[PDB]
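Colleague: Please find the sequence and an experimentally derived structure below.
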Amino acid sequence: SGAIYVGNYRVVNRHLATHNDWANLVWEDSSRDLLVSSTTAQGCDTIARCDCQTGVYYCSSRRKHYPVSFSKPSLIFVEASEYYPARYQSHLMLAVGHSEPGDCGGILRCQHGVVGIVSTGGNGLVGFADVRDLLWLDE
Ligand SMILES: Cn1nc(C(=O)NCCn2cncn2)c2ccccc21
Ligand SMILES: Cn1nc(C(=O)NCCn2cncn2)c2ccccc21
Ligand SMILES: [Zn+2]
C-alpha cells in the first residue's frame, strides 16, 4: 500500500484505489496502473522534475529503503496478476531489487523528490510507475 499527496491530489496504484477515489476521480490510466483523486487537505510531497536514474525506494516486505539504479520510463510487457490480464504497461521503470504484490504503493525518490510508485515485480526485479511527466500535479 501507499500514496503520494501533492497539493489537493492523491496519487495511488489504480488497482488499489478505493470507492472514494473513484467518486472523486481526477485522472486514471489502466495502462499505467495510476489513478489520481482530489483531496480536501494539502499534501506535503514534492514531485521530482528531472531524468534521474538513481534513487531509493521503500520495500514494505523488508521494512527497508533500498538504493537502486532504474531504467527511464518505457513500454514493457507485464504478465497477468489478479488485477490485470498480461499486457503492455506504459511509463514503467525497472530496477534490480526485491518486491512482492503488497509492496505496491511504495515510493521511489531521487534528490529532486518523488519519482514514482511500486507497481510490478518478481524474480528479482521491481517496477515503478513514473509520475514525473504529470506536470499538472504541481499546479
Ligand atoms: C473502475 N473501478 N474499479 C474498481 C475496483 O475496485 N476494481 C478492482 C481493483 N482494480 C484492479 N485494477 C483496477 N482496479 C472500482 C471501485 C469503485 C468504482 C469504480 C471502480
Ligand atoms: C511489486 N509487485 N507487484 C506485483 C503485482 O501483482 N502487481 C499488481 C498490479 N499489476 C501491474 N501490472 C499487473 N498487475 C507483483 C507480483 C509479484 C512480485 C512483485 C510484485
Ligand atoms: Zn531527480
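Modeller: Done, it's in. Numbers count the residues shown, from 1 in each chain. Ligands and ions are numbered 1, 2, ... in the order given.

Colleague: For the rest of this, base every contact and every neighbour count on C-alpha atoms.
Modeller: Will do.

Colleague: Which residues are in contact with the closest residue to residue 70 other than its chain neighbours?
Modeller: Distances taken as Cα to Cα, 6 or more residues apart in numbering put residue 95 closest to residue 70, at 4.5 Å, once the chain neighbours are dropped. By Cα atoms under 8 Å, 6 or more residues apart in numbering, the contact set of residue 95 is 68, 69, 70, 71, 125, 126, 127.

Colleague: Is the second one bridged to anything, and to what?
Modeller: Here residue 69 sits in beta bridges with residue 54, as judged by DSSP bridges.

Colleague: partners of the residue most central in space within the chain in the sheet?
Modeller: Centroid check for the chain by Cα atoms, centre = their mean gives residue 117 as the closest residue, at 2.1 Å. Per DSSP bridges, the residues bridged to residue 117 are residue 107, residue 129.

Colleague: Would you mind measuring from it to ligand 2?
Modeller: For residue 117, the distance to ligand 2 equals 10 Å [Cα to the nearest ligand atom, to the nearest Å].

Colleague: so what's that residue up against?
Modeller: 3, 12, 13, 104, 105, 106, 107, 108, 128, 129, 130.

Colleague: run the last query once more with 6 Å
Modeller: 105, 106, 107, 108, 128, 129 (Cα atoms under 6 Å, 6 or more residues apart in numbering).

Colleague: Could you dump the residues you listed into JSON lines and include neighbour count and distance to residue 76?
Modeller: Formatted as JSON lines, those follow (neighbours: other Cα atoms under 10 Å; distance: Cα to Cα, whole Å):
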{"residue": "105", "neighbour count": "24", "distance to residue 76": "19"}
{"residue": "106", "neighbour count": "24", "distance to residue 76": "20"}
{"residue": "107", "neighbour count": "22", "distance to residue 76": "20"}
{"residue": "108", "neighbour count": "25", "distance to residue 76": "18"}
{"residue": "128", "neighbour count": "28", "distance to residue 76": "11"}
{"residue": "129", "neighbour count": "28", "distance to residue 76": "11"}
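
Colleague: Go back to those residues and keep what's next to ligand 1.
Modeller: Checking the contacts of residue 117 against ligand 1 by Cα under 6 Å from any ligand atom, not one of them is in range.
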